[PDB]
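Worksheet: one structure, shown below.
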């Protein structure tokens, strides 16, 4: 089966959403330093090194530890954590619950809001009954850390880590239960300290991976890219593309339609070592080539550039075929 | 039937759409069943026909629900730990390019009114907050799970309605917020993938039932044709009474239904299939199971049908192995049901 069908015009012209934020892909973000990603990311040999299925549903862990500071539970910041490896009900991997975001935790004390955190809506729930603790509904920052619960530090390696959650605003009444469940919707927003947008999120040094995860490195002038979508932010929930407060981008390593396709069929014989599968992206006034490596990462021939490539004027996606990764991908925009 | 000079509808429905990959167009849940509706039903929101058109107010996607200019309120003189209320009039969603009837993603279900503390049965519930109309900043003391739906009579006694005309898009937190707000104007922001409210841990019947679905005037209805009966697509949807329950739970399995698989909705929105099918025909696919097979048909109005007659029993797709296109067939011919 040829990889050609993985990338069609609708995937990049409005229909395809990225595999981290589930947002509508509108840009290609070059990463000249390279990056890694495993969560909800598949390769051409039918494998993922992450812990999530290719879908956005919810994040569910039955046996964490919930806590809050002080002697009064009223209007506190709710905390929750579990150890990496303790998501033993997850058939993909037991590292973390299916859908838990692959981002290092941004610690915060309050009342200020953390910058560049993955934030989702949810609650603590009763491990024995499944009933949500209705006084704990809030927006929570989720991420990977060490040192929980008292001395939190970010980490980008799942080995020895903890999956932590902390409400960014006060809950009605906090809970201190162990065990305690966490339930959070899997489609997130980006936390910001003010109404202003921040840089694209996550930056490469924030992405959490499992041991064995291959990194994407540049090949000549061919540079790994992420797929950019306009993602809501906590500082200004009404802002979209072109906001006077700035446009907020969230990035993913793959379009989810590609991830799904890679999870359904094996493409191991499609490419020889050193090759990309190439598609041509044709715009109103030019074109570019995009390449897919056997590790599942996409590339553009943009060299050292960090400028976002706008897909607003993209007209068509057409397959080219396997090409040597040593050849510069055409960039005629 | 004749070979058509157009994109064939065959590619809209492939094996992964019904064996785990396809999600339904109301709850965004993984489709695992086909739910026959012998009495028929209507649906327009996030529903497309074979003429590239929708009568609803939502794009074929699940992102968020956003309205800048509603009215927020709560009962009594003290805002602490109240149930937060919000509403706007239908027709006021002037930021929605598809339609101004309601915000993109607002659920097409009639509001189930409630006073508290009991939780209403069969409400669409999403997570969100009230936000400041001038600045866009969320009101952080109003984050909660909210029931959303259509009603009339706000701010007075709410009455359910299934007609968008003259209606109000309303939201009410099912649990207490930290501090309510009474501002007008006030924004609403709610994530578009919902859960089903239940009063206890027990599952309820599939949601929404046909008499709960809100449509705009002119929306075509799905009516039975001979022994062929309209179907909804069923997914297992989380419920507020037991957020950990999934398929096979001892507390019961909760189904949410949609009129179409979202991959079909998307495909129908990208190309016009008016020359692919004539009125009076179904586009038919064969669904092959481990032991048996059945046909399902797609009408020009975008509704799916099965040859199940008066049966109300959900059809389990666990053992579905293959979907193969059959082609245009007379809608009067009974669709094969050999399971």
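Chains as they are written, first to last, in the numbering used here: chain P, 4 to 336; chain C, 98 to 436.
Backbone N, C-alpha and C define an ideal beta-carbon position, used for all residues, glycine too.
Contact test: residue i Cβ vs the ligand NAP heavy atom, cutoff 7 Å
i                      : result
residue 181 of chain C : Within the structure as shown, the ligand NAP is missing, as the structure has no ligands at all.
Three-way DSSP call (helix, strand, coil) for residue i in this model
i                      : result
residue 406 of chain C : coil
residue 208 of chain P : helix
residue 263 of chain P : helix
residue 335 of chain C : coil
residue 9 of chain P   : helix
residue 307 of chain C : helix
residue 226 of chain P : strand
residue 40 of chain P  : coil
residue 137 of chain P : helix
residue 92 of chain P  : coil
residue 188 of chain P : strand
residue 19 of chain P  : coil
residue 59 of chain P  : coil
residue 283 of chain P : strand
residue 460 of chain C : It is not possible to answer for residue 460 of chain C, since the shown part of chain C is limited to 98 through 436.
residue 79 of chain P  : coil
residue 156 of chain P : strand
residue 124 of chain P : strand
Unbroken alpha helix (DSSP H) run spanning residue i, endpoints
i                      : result
residue 12 of chain P  : 12-15
residue 361 of chain C : 359-367
Residue-level contact to chain B via CB, residue i, 8 Å cutoff
i                      : result
residue 113 of chain C : Checking the listed chains, one finds no chain B in this structure; the protein chains it contains are P and C.
Exposure of residue i, with buried meaning 16 or more beta-carbon neighbours within 10 Å
i                      : result
residue 260 of chain P : buried
residue 321 of chain P : exposed
residue 290 of chain C : buried
residue 156 of chain P : exposed
residue 70 of chain P  : buried
residue 325 of chain C : buried
residue 418 of chain C : exposed
residue 429 of chain C : exposed
residue 9 of chain P   : buried
residue 376 of chain C : exposed
residue 99 of chain C  : exposed
Nearest-angstrom Cα separation, counted from residue j out to residue i
i                      : j                      : result
residue 39 of chain P  : residue 336 of chain C : 36 Å
residue 147 of chain C : residue 157 of chain C : 14 Å
residue 237 of chain P : residue 249 of chain P : 13 Å
residue 140 of chain C : residue 303 of chain C : 15 Å
residue 121 of chain C : residue 355 of chain C : 5 Å
residue 303 of chain P : residue 228 of chain P : 7 Å
residue 144 of chain P : residue 170 of chain P : 6 Å
residue 315 of chain C : residue 402 of chain C : 21 Å
residue 363 of chain C : residue 177 of chain P : 42 Å
residue 344 of chain C : residue 357 of chain C : 21 Å
residue 11 of chain P  : residue 28 of chain P  : 13 Å
residue 30 of chain P  : residue 179 of chain C : 42 Å
residue 146 of chain P : residue 135 of chain C : 48 Å
residue 351 of chain C : residue 185 of chain P : 20 Å
residue 252 of chain C : residue 348 of chain C : 36 Å
residue 311 of chain C : residue 242 of chain C : 21 Å
residue 416 of chain C : residue 103 of chain C : 33 Å
residue 75 of chain P  : residue 309 of chain P : 48 Å
residue 14 of chain P  : residue 281 of chain P : 15 Å
residue 132 of chain C : residue 169 of chain C : 37 Å
residue 89 of chain P  : residue 66 of chain P  : 8 Å
residue 223 of chain P : residue 35 of chain P  : 11 Å
residue 85 of chain P  : residue 311 of chain P : 37 Å
Residue range of the beta strand (DSSP E) that includes residue i
i                      : result
residue 288 of chain C : 283-288
residue 416 of chain C : It is not in any beta strand (DSSP E) - residue 416 of chain C carries neither H nor E in the DSSP assignment.
residue 48 of chain P  : Careful: residue 48 of chain P lies outside any beta strand (DSSP E) and carries neither H nor E.
residue 143 of chain P : 141-149
residue 101 of chain P : No beta strand (DSSP E) holds residue 101 of chain P; DSSP gives it neither H nor E.
residue 292 of chain P : 289-295
residue 266 of chain C : 265-270
residue 201 of chain P : Looking at the DSSP string, residue 201 of chain P is not in any beta strand (DSSP E), and its letter there is neither H nor E.
residue 170 of chain P : 165-170
residue 389 of chain C : 389-395
residue 354 of chain C : 352-355
residue 384 of chain C : 378-386
residue 321 of chain P : 317-327
residue 217 of chain P : Premise fails: residue 217 of chain P is in no beta strand (DSSP E) and is neither H nor E.
residue 32 of chain P  : 28-33
Legend entry - Segments of 4+ residues assigned as alpha helix (DSSP H) that fall wholly inside the segment 105-179 of chain C: Whole alpha helix (DSSP H) segments, 4+ residues: 112-115.
Inset, instruction - Mind listing, in chain order, the continuous beta strand (DSSP E) runs of no fewer than 3 residues lying wholly within the segment 183-241 of chain C? - result: Complete beta strand (DSSP E) runs here, min 3: 221-228.
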